[PDB]
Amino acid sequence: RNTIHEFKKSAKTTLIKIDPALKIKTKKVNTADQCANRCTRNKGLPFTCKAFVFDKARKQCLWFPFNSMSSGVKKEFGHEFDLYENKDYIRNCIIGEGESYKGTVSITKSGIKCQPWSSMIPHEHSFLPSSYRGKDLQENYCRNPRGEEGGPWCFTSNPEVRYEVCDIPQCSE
């Protein structure tokens, strides 16, 4: 099985450590699948593998014990990098109204698949990543970029349903 699809992918991105005390392991490989497989199994890493980057140029994995939401870690844009975050370390429940939610649930509560944020079909809208930097309006993930009440939501791919809330649990239970 290919463990690559079990990760949250963010194209053209890598991560940089502000605090350089945080450990890292690198290696040249061929495909990103190799980085995924290694990371998932965690065999060969003196730490818990939370995320990795595949350098497409150098053909190289960079395995991290941290991810984009870790303190003292910055995202950086780069044409050759693909970021892959292990979903186990992307909080899959919400605090409050869920403005900080970054998980990959992309289905509404009646079970309609979400429309991508940067598509205008079926529904036209202004909720684009450029209007909400840091709110992760990517793919078709359930989000609440304005921090409104009702929790994370999305435009549904049902022409007859403009938007619907998603059913994402609170961490409080």
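Note that residue numbering begins at 1 and tracks the sequence as displayed.
The PDB entry reports B-factors from which the mean C-alpha value can be compared for 27-35 and 63-71; the larger average falls on 27-35. Averaged over Cα atoms, the B-factor as recorded in the entry is higher for 132-140 than for the other of 132-140 and 112-120. The PDB entry assigns the greatest CA B-factor among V165, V161, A11, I18 to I18. Split the chain's modelled residues into thirds by C-alpha temperature factor. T104 is in the lowest one. When all modelled residues of the chain are sorted by CA temperature factor, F127 is found within the lowest third.
Residue-level temperature factors show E80 in the middle third of its chain, judged at the C-alpha atom. Ranked by C-alpha B-factor against the other modelled residues of its chain, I95 falls in the highest third.
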